[PDB]
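Remarks on the structure that follows.
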Amino acid sequence: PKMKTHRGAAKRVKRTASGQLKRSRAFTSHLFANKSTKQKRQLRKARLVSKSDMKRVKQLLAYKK
Amino acid sequence: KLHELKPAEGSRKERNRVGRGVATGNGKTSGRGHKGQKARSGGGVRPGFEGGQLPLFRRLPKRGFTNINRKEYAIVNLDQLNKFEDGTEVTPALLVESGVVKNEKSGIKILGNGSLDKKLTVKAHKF
Amino acid sequence: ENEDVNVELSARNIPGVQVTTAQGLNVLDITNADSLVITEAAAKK
RNA sequence: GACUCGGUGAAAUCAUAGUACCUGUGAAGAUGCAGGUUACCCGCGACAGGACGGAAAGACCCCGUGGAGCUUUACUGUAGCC
RNA sequence: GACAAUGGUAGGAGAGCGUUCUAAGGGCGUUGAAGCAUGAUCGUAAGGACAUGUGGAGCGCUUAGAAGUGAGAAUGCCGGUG
RNA sequence: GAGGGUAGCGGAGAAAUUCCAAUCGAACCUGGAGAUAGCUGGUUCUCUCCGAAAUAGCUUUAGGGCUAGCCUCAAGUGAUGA
RNA sequence: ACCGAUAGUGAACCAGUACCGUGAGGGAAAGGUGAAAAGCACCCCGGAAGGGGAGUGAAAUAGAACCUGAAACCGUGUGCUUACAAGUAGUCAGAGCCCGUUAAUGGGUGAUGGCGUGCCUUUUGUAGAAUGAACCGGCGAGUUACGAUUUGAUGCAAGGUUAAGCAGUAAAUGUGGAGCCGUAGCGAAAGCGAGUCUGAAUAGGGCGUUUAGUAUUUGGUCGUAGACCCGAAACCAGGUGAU
RNA sequence: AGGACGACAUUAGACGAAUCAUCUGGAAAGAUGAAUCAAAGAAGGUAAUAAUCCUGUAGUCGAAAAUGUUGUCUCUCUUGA
Ligand SMILES: [Mg+2]
Ligand SMILES: [Mg+2]
Ligand SMILES: [Mg+2]
Ligand SMILES: [Mg+2]
Ligand SMILES: [Mg+2]
Ligand SMILES: [Mg+2]
Ligand SMILES: [Mg+2]
Ligand SMILES: [Mg+2]
Ligand SMILES: [Mg+2]
Ligand SMILES: [Mg+2]
Ligand SMILES: [Mg+2]
Ligand SMILES: [Mg+2]
Ligand SMILES: [Mg+2]
Ligand SMILES: [Mg+2]
Ligand SMILES: [Mg+2]
Ligand SMILES: [Mg+2]
Ligand SMILES: [Mg+2]
Ligand SMILES: [Mg+2]
Ligand SMILES: [Mg+2]
Ligand SMILES: [Mg+2]
Ligand SMILES: [Mg+2]
Ligand SMILES: [Mg+2]
Ligand SMILES: [Mg+2]
Ligand SMILES: [Mg+2]
Ligand SMILES: [Mg+2]
Ligand SMILES: [Mg+2]
Ligand SMILES: [Mg+2]
Ligand SMILES: [Mn+2]
Ligand SMILES: [Mn+2]
Ligand SMILES: [Mn+2]
Ligand SMILES: [Mn+2]
Ligand SMILES: [Mn+2]
Ligand SMILES: [Mn+2]
Ligand SMILES: [Mn+2]
Ligand SMILES: [Mn+2]
Ligand SMILES: [Mn+2]
Ligand SMILES: [Mn+2]
Ligand SMILES: [Mn+2]
Ligand SMILES: [Mn+2]
Ligand SMILES: [Mn+2]
Ligand SMILES: [Mn+2]
Ligand SMILES: [Mn+2]
Ligand SMILES: [Mn+2]
Ligand SMILES: [Mn+2]
Ligand SMILES: [Mn+2]
Ligand SMILES: [Mn+2]
Ligand SMILES: [Mn+2]
Ligand SMILES: [Mn+2]
Ligand SMILES: [Mn+2]
Ligand SMILES: [Mn+2]
Ligand SMILES: [Mn+2]
Ligand SMILES: [Mn+2]
Ligand SMILES: [Mn+2]
Ligand SMILES: [Mn+2]
Ligand SMILES: [Mn+2]
Ligand SMILES: [Mn+2]
Ligand SMILES: [Mn+2]
Ligand SMILES: [Mn+2]
Ligand SMILES: [Mn+2]
Ligand SMILES: [Mn+2]
Ligand SMILES: [Mn+2]
Ligand SMILES: [Mn+2]
Ligand SMILES: [Mn+2]
Ligand SMILES: [Mn+2]
Ligand SMILES: [Mn+2]
Ligand SMILES: [Mn+2]
Ligand SMILES: [Mn+2]
Ligand SMILES: [Mn+2]
Ligand SMILES: [Mn+2]
Ligand SMILES: [Mn+2]
Ligand SMILES: [Mn+2]
Ligand SMILES: [Mn+2]
Ligand SMILES: [Mn+2]
Ligand SMILES: [Mn+2]
Ligand SMILES: [Mn+2]
Ligand SMILES: [Mn+2]
Ligand SMILES: [Mn+2]
Ligand SMILES: [Mn+2]
Ligand SMILES: [Mn+2]
Ligand SMILES: [Mn+2]
Ligand SMILES: [Mn+2]
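Protein chains in written order, with full-length UniProt numbering: chain A, 2 to 66; chain B, 2 to 128; chain C, 157 to 201.
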């Protein structure tokens, strides 16, 4: 059987790069006005899946790009 | 030489047989070295993802073909029985420059930085 | 032309298009009609 | 009944066994370790201190995001009824 | 030729021994195959030969391929016998 | 006594969780079935080189797990290490 | 390149049979004389069984519970040794006695001296009085498929490569270029493009540019499968039972 | 929408090629010395391992009947743009 793609992650990954998974970022939903405007503006810009986690999540997005 | 064969050196290695004597006769020692030992790959005991999701996907997406077209000294195009594009959904012609020959390009949606050079040696545009 | 099926040894005979790596390795000699050898030379290129 | 003879002839257990005691030692209660003490080799009839004796993967206690049975103003439901 | 390194559980890496089947090559075998028994034999190990007795059909060697490929423990299963 | 009836989400019970073919807080048999078992037990040839950890962080987590840390193998960097 | 009598069907043999249960239902064990029955006329001890001869046979030291006939276990004979000694049974040292080999600084035994608490598991730590095994034999656990990733090997290379399907001898191979991956990336997207995104910005900053892939395959590992093996108390579904 | 003619097939079967001597031995197919066949050197059997000893194999014929099976007549049915 073909490995299934964890489509719940794929709805939040975006591959591209030279193999790196792109981003999406936390605390970005609701409940503002407790984060700083500094925290607010900076969590807006996106950052990759970490080396240590790509070690763990490597299998699920095997079909992304 | 059918009785004195030999595989290419470097291919082929004797597979590892665990559990067959005391040059290793095991795997781990307790916990999940139980048969069909779990942990989901992912399921690290608290979220893992659960952190944002950004999505869509729609329709129309072209198929690129960069100006590395050192073809003939002229002639028309889209003819890709020639060894260039294949599996095309459209055909944009992009850059990475070297319009070293003069010809007449033809495909749908040409890139401006490209077509500035294609038309600066022989002129060429189409749908 | 192969009612030599029944010779001890030496009893593979096939068109130069049914040719296989076994014989040609197995067999320690090989004998060829021309045109047969031409038909190989055509395809091999 | 046991016990002696004739007849017939099991079993639970059992790592291998040439299987002493003291004071110690040590997974902190030793036939088997140390240091002494004691003891010729092999039966039989007896007795139960020890072999943490045999028997049953501790019913107590805890644990497992085990089970089942039971209760209710636990939740979610449903046979039925107004 | 000197000179260094070489304790080791989980565990990583490496090189190998043997078992059955296949392929090709090259062989042994009723003037006695496998198996079994015995030996004071050889190799760093897994392991390999040789001699004799037994036995009365078969079997090895080289190279490569493939595996139901290696047992001392599971209150393991089955048999036999303590 | 003889012939009968009530059957397991059921039956019977002068009532004890009592009986339903020699253990009934829910009979037996066959199937789903290799239920599931973060638990215990077991896991078979040899030599050679290296060689841990029992900590941190989070965890309906606490004898389980994930990432880090420490092991190995391989590439690479190339004095950054002591 | 499936088993070869504990394997392979439960069943190589008169197996759904002995056997067990009221029933539904569960369910074994057990193959092999020899080329040929020539299956031991005859004498002998014995009621017989069984046996010594004589015989058939290449062989019965193949004689029927019959090819081979391991080990545990049981016995007969006996070369060295043993009744003042405290012993995980060996190891190292070693006289005496007996023997004579795959002939090699030999073999058997062993007065006596030194040393010395089995193995497995599990453990911070087990001689452990924690667990397991009466012994001997056989059987008995990391597999395969399909995906993923990585390494190694080989072919081509800015390309690489086929799937079904036809053809073929259940091949190899010929065919088949739908298809997949690669040559371009960036953005949620419209989209622009060696650059794009955010941005008001031709500031800065993210990802990318400067060049190598791809197909098969040995190995490692993961995923899907029972997925290394054995083990529940239980749950559901159909049935079978008030002797 | 049901039945009359002769090809093949299924269900019994037949033909089918070519070896001798010796040594060992209980027995020859083994070894060895000379041969032969082959559209047949697949396999099993025979006192040990056999292309030439037997059953066979390649190959060739073969069916009273019975089904099955079709080519083709008939057979129906036909009005077609
Ligand atoms: Mg994209
Ligand atoms: Mg992030
Ligand atoms: Mg032929
Ligand atoms: Mg009395
Ligand atoms: Mg024992
Ligand atoms: Mg005593
Ligand atoms: Mg009780
Ligand atoms: Mg209690
Ligand atoms: Mg509890
Ligand atoms: Mg003889
Ligand atoms: Mg009761
Ligand atoms: Mg019953
Ligand atoms: Mg029950
Ligand atoms: Mg701790
Ligand atoms: Mg410490
Ligand atoms: Mg008589
Ligand atoms: Mg025999
Ligand atoms: Mg014996
Ligand atoms: Mg403890
Ligand atoms: Mg013990
Ligand atoms: Mg190149
Ligand atoms: Mg930029
Ligand atoms: Mg940049
Ligand atoms: Mg039910
Ligand atoms: Mg003879
Ligand atoms: Mg001859
Ligand atoms: Mg024979
Ligand atoms: Mn999806
Ligand atoms: Mn997501
Ligand atoms: Mn929002
Ligand atoms: Mn804050
Ligand atoms: Mn290996
Ligand atoms: Mn264990
Ligand atoms: Mn573990
Ligand atoms: Mn495991
Ligand atoms: Mn399991
Ligand atoms: Mn008596
Ligand atoms: Mn100790
Ligand atoms: Mn003490
Ligand atoms: Mn007594
Ligand atoms: Mn008493
Ligand atoms: Mn317990
Ligand atoms: Mn070492
Ligand atoms: Mn050292
Ligand atoms: Mn290890
Ligand atoms: Mn390894
Ligand atoms: Mn040989
Ligand atoms: Mn064999
Ligand atoms: Mn096995
Ligand atoms: Mn038994
Ligand atoms: Mn009552
Ligand atoms: Mn009862
Ligand atoms: Mn199921
Ligand atoms: Mn189970
Ligand atoms: Mn070391
Ligand atoms: Mn632990
Ligand atoms: Mn290095
Ligand atoms: Mn420095
Ligand atoms: Mn047997
Ligand atoms: Mn009965
Ligand atoms: Mn017979
Ligand atoms: Mn008699
Ligand atoms: Mn005779
Ligand atoms: Mn017997
Ligand atoms: Mn016998
Ligand atoms: Mn004395
Ligand atoms: Mn004495
Ligand atoms: Mn003492
Ligand atoms: Mn001693
Ligand atoms: Mn001592
Ligand atoms: Mn072990
Ligand atoms: Mn004890
Ligand atoms: Mn225990
Ligand atoms: Mn025990
Ligand atoms: Mn055993
Ligand atoms: Mn892992
Ligand atoms: Mn696995
Ligand atoms: Mn004939
Ligand atoms: Mn003939
Ligand atoms: Mn003859
Ligand atoms: Mn024929």
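Yeah, the Cβ is synthetic: ideal placement off N, Cα and C, and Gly gets one too.
Confirm, please, whether the CB-CB distance from B:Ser-116 to B:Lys-106 is below 9 Å.
-> yes
Beta-carbon separation of A:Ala-47 and A:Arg-24 under 9 Å?
-> yes
Decide yes or no for the touch test of the segment 86-97 of chain B against the segment 67-77 of chain B: beta carbon pairs closer than 8 Å, at least 3 of them.
-> yes
To the nearest angstrom, report how far apart C:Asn-182 and B:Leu-3 are at their CA atoms.
-> 5 Å
7 Å Cβ cut-off: residues of chain A touching B:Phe-50 = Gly-9, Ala-10, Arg-13
Interface positions of the segment 27-46 of chain A facing chain B (Cβ-Cβ less than 7 Å), listed along the chain | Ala-27, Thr-29
Can the beta-carbon of C:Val-173 be found closer than 9 Å to that of C:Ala-199?
-> yes
Measure the alpha-carbon distance for B:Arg-59 versus B:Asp-118 and round it to whole angstroms.
-> 32 Å
For B:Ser-12, does the three-state DSSP call read helix, strand or coil?
-> strand
Would a C-beta distance cut-off of 9 Å place B:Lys-127 and B:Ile-109 closer than the cut-off?
-> yes
Answer with yes or no whether the minimum CB distance from B:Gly-53 to chain A is below 9 Å.
-> yes
For C:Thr-195, three-class secondary structure by DSSP = helix
For A:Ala-63 versus A:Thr-6, is the C-beta spacing smaller than 9 Å?
-> yes
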